[PDB]
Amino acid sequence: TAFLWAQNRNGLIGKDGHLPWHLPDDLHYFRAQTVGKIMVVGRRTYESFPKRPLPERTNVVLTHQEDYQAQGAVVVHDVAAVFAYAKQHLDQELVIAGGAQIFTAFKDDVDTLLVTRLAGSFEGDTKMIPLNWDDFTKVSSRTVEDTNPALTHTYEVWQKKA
């Protein structure tokens, strides 16, 4: 199970229910990373997608609303249902795409971090959950420079030590 997120230099991930930046490169990397997999997102991050569901991947939406409707998405209500779905699934990798409340609900079962680090600093209200960095190794790092230098970013892959 992977977590996939983008954060500024201080860890910021969101502002007013939306992204605090607009960084197309990162969105085509998101898609690369989630097409074909089981993609888990919290109800509020799902309602912020411009097309719901996002196509070519299983969107699982985590909601406490018993009645919620999301045509074409897998609507569950606790973490045990996510993993009961993933157990049925097998051959699709599970990727937790946010936001903060869902990262906290899977904080013990993630093995890989797919982090995009922005060089700048943005204003918002939601930060990435604290994680033990010391328990992971950075395996891969690729940097993309943008003409807004706040937007220059690094894609890192981190994998959990034995």
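Residue positions are given as counts along the sequence shown, with the first one as 1.
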| item | value |
| --- | --- |
| 41-49 or 89-97, whichever carries the higher mean Cα B-factor | 89-97 |
| Comparing 103-111 with 65-73, the one whose average Cα B-factor in the PDB entry is higher | 65-73 |
| Options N132, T137, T58, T116 - largest CA temperature factor per the record | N132 |
| Modelled-residue ranking by C-alpha temperature factor, third containing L151 | highest |
